[PDB]
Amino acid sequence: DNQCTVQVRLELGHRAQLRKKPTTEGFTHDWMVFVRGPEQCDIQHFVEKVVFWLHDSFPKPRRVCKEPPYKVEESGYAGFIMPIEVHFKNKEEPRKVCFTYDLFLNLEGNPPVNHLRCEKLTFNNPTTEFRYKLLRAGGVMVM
């Protein structure tokens, strides 16, 4: 008599623009990648940390945000595939979800890049504890 499914939403995104002039290092672009909730949700209730796995070419390429904003700001010269791990305040499975984020840059004279990726997470029969956190964050029951 106690089955329940709770949906929460995540937004992954990034912005990238051509620097007026390259940096010293010949970095041509500024970019920013993030994880956030939709308007008026606090994903920090169920998200323990977000880990952004930058290209090997970056120093300390494992970037952790343990609280909002969940984001990395950098300059560089090339797009790459970025693993993003979102770790949950969950005692049981699933403990985290792993995205493969396409961090692409604007070439030539293309406008700046401003992309959003909307992810719907479905938790089947979460524990009492974690269920609270999902709801506190503005998660929704699906019966």
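Here the rigid core means the biggest group of C-alpha atoms that line up within 1.5 Å when the two forms are laid on top of each other. Residues carry their position along the shown sequence, with the first being 1.
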Core-superposed comparison in 6 other deposited structures of this protein: bigger Cα RMS shift among 103 to 111 and 83 to 91 is in 103 to 111
Between 21 to 29 and 5 to 13, the one drifting more in C-alpha RMS in 6 other deposited structures of this protein once the core is aligned is 21 to 29
Of 105 to 113 and 60 to 68, the stretch with the higher mean C-alpha B-factor in the deposited entry is 105 to 113
As the entry reports it, the stretch among 78 to 86 and 22 to 30 with higher mean C-alpha B factor is 22 to 30
Comparing C-alpha B-factors across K91, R36, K96, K49 in this entry, the winner is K91
Quick tally, chain-level thirds of C-alpha B-factors: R131 sits in the highest
